[PDB]
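Have a look at the structure below before the remarks.
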Amino acid sequence: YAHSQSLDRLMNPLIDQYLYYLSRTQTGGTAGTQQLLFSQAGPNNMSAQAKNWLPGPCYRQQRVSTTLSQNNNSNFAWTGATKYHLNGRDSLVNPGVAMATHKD
Amino acid sequence: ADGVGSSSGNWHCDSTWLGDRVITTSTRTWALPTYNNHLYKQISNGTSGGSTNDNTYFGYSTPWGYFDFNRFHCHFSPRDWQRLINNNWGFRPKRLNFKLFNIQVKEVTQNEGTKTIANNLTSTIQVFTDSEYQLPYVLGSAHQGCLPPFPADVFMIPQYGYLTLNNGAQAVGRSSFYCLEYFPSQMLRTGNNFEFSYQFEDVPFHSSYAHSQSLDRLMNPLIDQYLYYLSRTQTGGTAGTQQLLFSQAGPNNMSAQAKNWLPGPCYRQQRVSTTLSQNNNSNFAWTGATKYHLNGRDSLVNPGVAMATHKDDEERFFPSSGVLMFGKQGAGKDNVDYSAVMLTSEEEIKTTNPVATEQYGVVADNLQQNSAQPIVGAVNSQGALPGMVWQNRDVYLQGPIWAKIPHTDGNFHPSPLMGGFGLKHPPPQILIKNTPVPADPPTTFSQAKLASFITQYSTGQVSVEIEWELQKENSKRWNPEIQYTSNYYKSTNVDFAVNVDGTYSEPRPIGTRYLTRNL
Amino acid sequence: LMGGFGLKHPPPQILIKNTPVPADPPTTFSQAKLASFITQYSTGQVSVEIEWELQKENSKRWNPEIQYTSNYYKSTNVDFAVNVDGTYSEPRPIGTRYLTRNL
């Protein structure tokens, strides 16, 4: 199955949170002075809401394109590869920890 | 016996303390508006209009409302919360009981600025609980609309809505739509009432206590270790030559002793001071924020993994997004000054938990040789290592009780990051709606759906009862422990009471960690 | 000190209230508590019944004792009765101490 939701979107889109976050650390203007201002994150700002969960672990890897002209001109297959090192040997992480192939 | 002129329930609000458990029941009066004119509507936000990619969404808003009691102040009073936190090492919810009763449905008529409200005795409301967890679960998101903390406050039921997959403001093939009338629900008139029971799955006690020791101090201070460490790599003098010298670490050097355990994991965050002049002059709120990146979107980690707010003798510093923040009564939504917010503090866990702002530690960055001086780098984010121990984030009188553990192949330590109890099968969502009553139809047939309805709302009483299991405090400590106390000195208002104008306020956050234990 | 019977567990307080019925809410959610209610009052009947124990008068006194008496002489109104306008009044305090005993 695939999920019909994403971790960052689990919220109710119609309702504000009763919690707060640090929205602004400086006054707006020509010469600003430091301040602490706080806001409740609602549907307008979803990225700033409080959340109970985190995405899964990652071990980062190098991005290859199927359109050739977009890839660097060099042989980066082994050299730019993501590897792990065990008793002096380097071995490719194939496939590795589960991570999304690509974004939208 | 269901009828117009007989009540379908009674007002049950109080707590009872029996042995190892406490039962807190509470009753409130609610009002339910018609939402969306009895319509489902899709809602979305794209990048067009100056909005950020991070804030894009796609979803639906429903005519249904929902009951949510996810905050502790719903169930506990401030006196009951004090009995809990001062006398107990831990607690967990055992079971739940819910009721709707004494339901009035009323119609509103307006003409010439005159506004008439009357009973509609034949109208219904619809109520169902999602027992099989077949709907998007919005409760664990810490929204507004919970039962008030003060029993005499009448509250409005929040509108239900959900989000699904999107690309920008657009839906994708996997994004799903839910009609809540495609569920069996119970229909109630004024004489009818609604009830169900729920039992919590087994969950670890929340730990209400602080440690009276720290990981690095677990040793016997009077005795040396039989083990050794590398004390000195060079002879002392004008021109030193390399050597290996070893020492046994005793009380004199505690930092160098061998240890069995490691502090909990960290994800580092930025340090903000309450004294303004100490903070950088810039707006670093979003830019210098600690974030995670999911499908091209960046989202703040709020609060994140549990880490100590600050170290010793610095109470002015707090992690930027790394702590819960409550507003004082009457605080606005947007850009509110530091004076109206109430910041919590996790410092009780600085025994096992790295401080949120500071690094986890340092590790070697290179291989050493006589031509290469050692280099040691800082570890800002650390995943789980064998030998780690940590404390979960504290729970607060006004904070969230539970969350739904997402349904996934794997998770790690599935305790909610805002606080409370992670639950695979949490208390179900309770959805309520006013059944639409149409106005007179045209008297000649038309296929179009009827858009003309009688304006109605409904009111009633909601009662919720939770049984909590208690973990008694076995401590053999000699000296008296810290307790939560009301200030003895005089004041214009009583804390946790109504003022002259009649509004109830909570003056401060009350955490649960007061009594102490040994590691 | 005002009089009567001191009681450690006296008759309990009986508290009554009209349950608030709010007017129509805004149709868009607001966290603020609802300040708009339907104006209501309630009426009804209250009945109270007390059983009193009596201590009878055993006195062997020969001469007649003082009693509480209504005045025989004519008046515009009856004592402890309504007047022309219909209002009830109590004309005097009536204590309970009339019969006599020996120390």
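By convention here, the chains of the structure tokens are called A, B, ... in the order presented, each chain's residues are numbered starting at 1, and ligands are numbered starting at 1 in the order presented.
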
Task: Residues within 12 Å of residue 43 of chain C, only C-alpha atoms, excluding chain neighbours under 5 positions, as JSON, numbers by chain - done: {"C": [16, 17, 18]}

Open item on the list: Show me, as an MDAnalysis selection string, the residues of chain C whose atoms get within 10 Å of chain A, using only C-alpha atoms for the distance check.
Closed with: chainID C and resid 28:31

Enumerate as a PDB file with N, CA, C and O atoms, in the first residue's frame the residues belonging to chain C that approach chain B to within 10 Å, with only C-alpha atoms taken into account.
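Listing of out.pdb after writing:
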ATOM      1  N   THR C  19     -29.370  25.847  33.470  1.00  0.00           N
ATOM      2  CA  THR C  19     -28.319  25.448  32.555  1.00  0.00           C
ATOM      3  C   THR C  19     -28.261  26.428  31.389  1.00  0.00           C
ATOM      4  O   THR C  19     -29.302  26.745  30.803  1.00  0.00           O
ATOM      5  N   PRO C  20     -27.084  26.940  31.036  1.00  0.00           N
ATOM      6  CA  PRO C  20     -27.000  27.924  29.953  1.00  0.00           C
ATOM      7  C   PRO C  20     -27.305  27.305  28.599  1.00  0.00           C
ATOM      8  O   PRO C  20     -26.829  26.217  28.277  1.00  0.00           O
ATOM      9  N   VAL C  21     -28.106  28.007  27.812  1.00  0.00           N
ATOM     10  CA  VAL C  21     -28.425  27.623  26.445  1.00  0.00           C
ATOM     11  C   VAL C  21     -27.888  28.702  25.517  1.00  0.00           C
ATOM     12  O   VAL C  21     -28.415  29.812  25.467  1.00  0.00           O
ATOM     13  N   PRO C  22     -26.839  28.415  24.763  1.00  0.00           N
ATOM     14  CA  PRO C  22     -26.228  29.454  23.938  1.00  0.00           C
ATOM     15  C   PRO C  22     -27.052  29.761  22.701  1.00  0.00           C
ATOM     16  O   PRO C  22     -27.810  28.933  22.196  1.00  0.00           O
ATOM     17  N   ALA C  23     -26.899  30.988  22.221  1.00  0.00           N
ATOM     18  CA  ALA C  23     -27.467  31.361  20.941  1.00  0.00           C
ATOM     19  C   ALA C  23     -26.629  30.765  19.817  1.00  0.00           C
ATOM     20  O   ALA C  23     -25.654  30.050  20.051  1.00  0.00           O
ATOM     21  N   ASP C  24     -27.011  31.063  18.585  1.00  0.00           N
ATOM     22  CA  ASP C  24     -26.363  30.430  17.451  1.00  0.00           C
ATOM     23  C   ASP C  24     -24.884  30.810  17.393  1.00  0.00           C
ATOM     24  O   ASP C  24     -24.547  31.999  17.480  1.00  0.00           O
ATOM     25  N   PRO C  25     -23.983  29.843  17.264  1.00  0.00           N
ATOM     26  CA  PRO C  25     -22.558  30.151  17.174  1.00  0.00           C
ATOM     27  C   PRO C  25     -22.190  30.660  15.789  1.00  0.00           C
ATOM     28  O   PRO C  25     -23.040  30.692  14.888  1.00  0.00           O
ATOM     29  N   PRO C  26     -20.934  31.070  15.576  1.00  0.00           N
ATOM     30  CA  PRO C  26     -20.611  31.870  14.381  1.00  0.00           C
ATOM     31  C   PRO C  26     -20.645  31.155  13.034  1.00  0.00           C
ATOM     32  O   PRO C  26     -20.636  31.848  12.010  1.00  0.00           O
ATOM     33  N   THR C  27     -20.642  29.824  12.983  1.00  0.00           N
ATOM     34  CA  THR C  27     -20.555  28.962  11.780  1.00  0.00           C
ATOM     35  C   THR C  27     -19.127  28.865  11.261  1.00  0.00           C
ATOM     36  O   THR C  27     -18.887  28.118  10.315  1.00  0.00           O
ATOM     37  N   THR C  28     -18.185  29.609  11.821  1.00  0.00           N
ATOM     38  CA  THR C  28     -16.769  29.353  11.626  1.00  0.00           C
ATOM     39  C   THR C  28     -16.142  29.266  13.005  1.00  0.00           C
ATOM     40  O   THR C  28     -16.502  30.033  13.900  1.00  0.00           O
ATOM     41  N   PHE C  29     -15.235  28.314  13.185  1.00  0.00           N
ATOM     42  CA  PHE C  29     -14.797  27.959  14.525  1.00  0.00           C
ATOM     43  C   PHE C  29     -14.027  29.088  15.192  1.00  0.00           C
ATOM     44  O   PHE C  29     -13.171  29.726  14.576  1.00  0.00           O
ATOM     45  N   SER C  30     -14.330  29.315  16.466  1.00  0.00           N
ATOM     46  CA  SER C  30     -13.602  30.237  17.320  1.00  0.00           C
ATOM     47  C   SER C  30     -13.383  29.591  18.677  1.00  0.00           C
ATOM     48  O   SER C  30     -14.294  28.977  19.233  1.00  0.00           O
ATOM     49  N   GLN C  31     -12.171  29.733  19.206  1.00  0.00           N
ATOM     50  CA  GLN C  31     -11.826  29.138  20.489  1.00  0.00           C
ATOM     51  C   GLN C  31     -12.445  29.863  21.672  1.00  0.00           C
ATOM     52  O   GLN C  31     -12.576  29.261  22.741  1.00  0.00           O
ATOM     53  N   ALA C  32     -12.802  31.134  21.516  1.00  0.00           N
ATOM     54  CA  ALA C  32     -13.320  31.906  22.634  1.00  0.00           C
ATOM     55  C   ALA C  32     -14.570  31.255  23.202  1.00  0.00           C
ATOM     56  O   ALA C  32     -15.380  30.688  22.468  1.00  0.00           O
ATOM     57  N   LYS C  33     -14.721  31.320  24.521  1.00  0.00           N
ATOM     58  CA  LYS C  33     -15.916  30.760  25.128  1.00  0.00           C
ATOM     59  C   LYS C  33     -17.131  31.556  24.681  1.00  0.00           C
ATOM     60  O   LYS C  33     -17.053  32.757  24.419  1.00  0.00           O
ATOM     61  N   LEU C  34     -18.263  30.874  24.591  1.00  0.00           N
ATOM     62  CA  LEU C  34     -19.461  31.483  24.039  1.00  0.00           C
ATOM     63  C   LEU C  34     -20.054  32.437  25.063  1.00  0.00           C
ATOM     64  O   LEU C  34     -20.364  32.033  26.186  1.00  0.00           O
ATOM     65  N   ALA C  35     -20.176  33.707  24.689  1.00  0.00           N
ATOM     66  CA  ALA C  35     -20.712  34.735  25.566  1.00  0.00           C
ATOM     67  C   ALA C  35     -22.170  35.065  25.290  1.00  0.00           C
ATOM     68  O   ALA C  35     -22.749  35.876  26.015  1.00  0.00           O
ATOM     69  N   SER C  36     -22.777  34.467  24.275  1.00  0.00           N
ATOM     70  CA  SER C  36     -24.116  34.832  23.836  1.00  0.00           C
ATOM     71  C   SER C  36     -25.071  33.702  24.177  1.00  0.00           C
ATOM     72  O   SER C  36     -24.924  32.588  23.668  1.00  0.00           O
ATOM     73  N   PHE C  37     -26.048  33.990  25.030  1.00  0.00           N
ATOM     74  CA  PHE C  37     -26.957  32.975  25.528  1.00  0.00           C
ATOM     75  C   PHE C  37     -28.395  33.421  25.353  1.00  0.00           C
ATOM     76  O   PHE C  37     -28.686  34.611  25.213  1.00  0.00           O
ATOM     77  N   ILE C  38     -29.294  32.443  25.361  1.00  0.00           N
ATOM     78  CA  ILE C  38     -30.718  32.728  25.390  1.00  0.00           C
ATOM     79  C   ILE C  38     -31.125  33.119  26.800  1.00  0.00           C
ATOM     80  O   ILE C  38     -30.772  32.448  27.776  1.00  0.00           O
TER      81      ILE C  38
END

TODO: With a distance threshold of 10 Å and counting only C-alpha atoms, extract the residues of chain A near chain B and express them as a ChimeraX atom specification.
DONE: /A:2-28,31-57,100,102-104

Would you mind exporting the chosen residues as a PDB file, in the first residue's frame, restricted to C-alpha atoms?
ATOM      1  CA  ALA A   2       0.985   3.638  -0.242  1.00  0.00           C
ATOM      2  CA  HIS A   3       0.098   6.304   2.275  1.00  0.00           C
ATOM      3  CA  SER A   4      -2.675   8.723   1.375  1.00  0.00           C
ATOM      4  CA  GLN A   5      -1.140  11.200   3.831  1.00  0.00           C
ATOM      5  CA  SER A   6       2.328  12.494   4.677  1.00  0.00           C
ATOM      6  CA  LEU A   7       3.828  13.023   8.136  1.00  0.00           C
ATOM      7  CA  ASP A   8       4.011  16.775   7.751  1.00  0.00           C
ATOM      8  CA  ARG A   9       0.327  16.998   6.706  1.00  0.00           C
ATOM      9  CA  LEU A  10      -1.355  14.914   9.459  1.00  0.00           C
ATOM     10  CA  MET A  11      -3.031  18.057  10.888  1.00  0.00           C
ATOM     11  CA  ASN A  12      -6.581  19.356  10.714  1.00  0.00           C
ATOM     12  CA  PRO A  13      -6.404  22.038   7.989  1.00  0.00           C
ATOM     13  CA  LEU A  14      -9.289  24.065   9.409  1.00  0.00           C
ATOM     14  CA  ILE A  15      -8.118  24.708  12.976  1.00  0.00           C
ATOM     15  CA  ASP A  16      -5.261  26.603  14.592  1.00  0.00           C
ATOM     16  CA  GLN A  17      -2.951  25.070  17.154  1.00  0.00           C
ATOM     17  CA  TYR A  18      -3.146  26.147  20.768  1.00  0.00           C
ATOM     18  CA  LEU A  19       0.654  26.079  20.902  1.00  0.00           C
ATOM     19  CA  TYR A  20       3.099  28.778  19.850  1.00  0.00           C
ATOM     20  CA  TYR A  21       6.394  29.058  18.018  1.00  0.00           C
ATOM     21  CA  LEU A  22       8.988  31.787  17.666  1.00  0.00           C
ATOM     22  CA  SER A  23       7.785  33.691  14.634  1.00  0.00           C
ATOM     23  CA  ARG A  24       9.961  36.791  14.587  1.00  0.00           C
ATOM     24  CA  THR A  25      13.242  37.735  16.260  1.00  0.00           C
ATOM     25  CA  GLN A  26      13.562  41.297  14.913  1.00  0.00           C
ATOM     26  CA  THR A  27      11.412  44.376  14.461  1.00  0.00           C
ATOM     27  CA  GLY A  28      10.641  45.277  10.879  1.00  0.00           C
ATOM     28  CA  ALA A  31      16.948  49.784  11.667  1.00  0.00           C
ATOM     29  CA  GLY A  32      15.548  46.754  13.426  1.00  0.00           C
ATOM     30  CA  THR A  33      16.055  45.862  17.067  1.00  0.00           C
ATOM     31  CA  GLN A  34      15.919  42.369  18.504  1.00  0.00           C
ATOM     32  CA  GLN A  35      12.646  41.115  19.982  1.00  0.00           C
ATOM     33  CA  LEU A  36      10.838  37.840  20.588  1.00  0.00           C
ATOM     34  CA  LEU A  37       7.436  37.509  18.925  1.00  0.00           C
ATOM     35  CA  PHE A  38       5.343  34.351  18.903  1.00  0.00           C
ATOM     36  CA  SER A  39       2.536  33.041  16.708  1.00  0.00           C
ATOM     37  CA  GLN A  40       0.062  30.173  16.621  1.00  0.00           C
ATOM     38  CA  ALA A  41       0.520  28.137  13.464  1.00  0.00           C
ATOM     39  CA  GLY A  42      -2.716  27.486  11.637  1.00  0.00           C
ATOM     40  CA  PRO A  43      -3.579  26.375   8.125  1.00  0.00           C
ATOM     41  CA  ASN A  44      -1.843  29.457   6.761  1.00  0.00           C
ATOM     42  CA  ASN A  45       1.574  28.244   7.979  1.00  0.00           C
ATOM     43  CA  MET A  46       1.683  24.444   8.136  1.00  0.00           C
ATOM     44  CA  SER A  47       5.462  24.076   8.061  1.00  0.00           C
ATOM     45  CA  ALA A  48       5.802  25.835  11.406  1.00  0.00           C
ATOM     46  CA  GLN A  49       3.313  23.736  13.362  1.00  0.00           C
ATOM     47  CA  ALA A  50       4.332  21.417  16.162  1.00  0.00           C
ATOM     48  CA  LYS A  51       4.398  17.735  15.253  1.00  0.00           C
ATOM     49  CA  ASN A  52       4.682  14.415  17.047  1.00  0.00           C
ATOM     50  CA  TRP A  53       6.769  12.536  14.526  1.00  0.00           C
ATOM     51  CA  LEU A  54       9.910  12.611  12.386  1.00  0.00           C
ATOM     52  CA  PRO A  55      10.784  11.106   9.005  1.00  0.00           C
ATOM     53  CA  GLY A  56      12.750   7.897   8.820  1.00  0.00           C
ATOM     54  CA  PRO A  57      16.531   7.686   8.917  1.00  0.00           C
ATOM     55  CA  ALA A 100      12.279   7.816  -1.665  1.00  0.00           C
ATOM     56  CA  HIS A 102      12.829  11.225  -5.979  1.00  0.00           C
ATOM     57  CA  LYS A 103      10.609  14.092  -4.929  1.00  0.00           C
ATOM     58  CA  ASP A 104       7.633  15.566  -6.772  1.00  0.00           C
TER      59      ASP A 104
END

- [ ] Work out how far apart atom CA of residue 73 of chain B and atom CA of residue 395 of chain B are and give it in Å to one decimal.
- [x]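 Interatomic distance here is 11.2 Å.
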
- [ ] Write out as a PyMOL selection string the residues lying within 6 Å of segment 210-217 of chain B, counting only C-alpha atoms and excluding same-chain residues fewer than 3 positions away.
- [x] chain B and resi 348+351-352+513+516-518
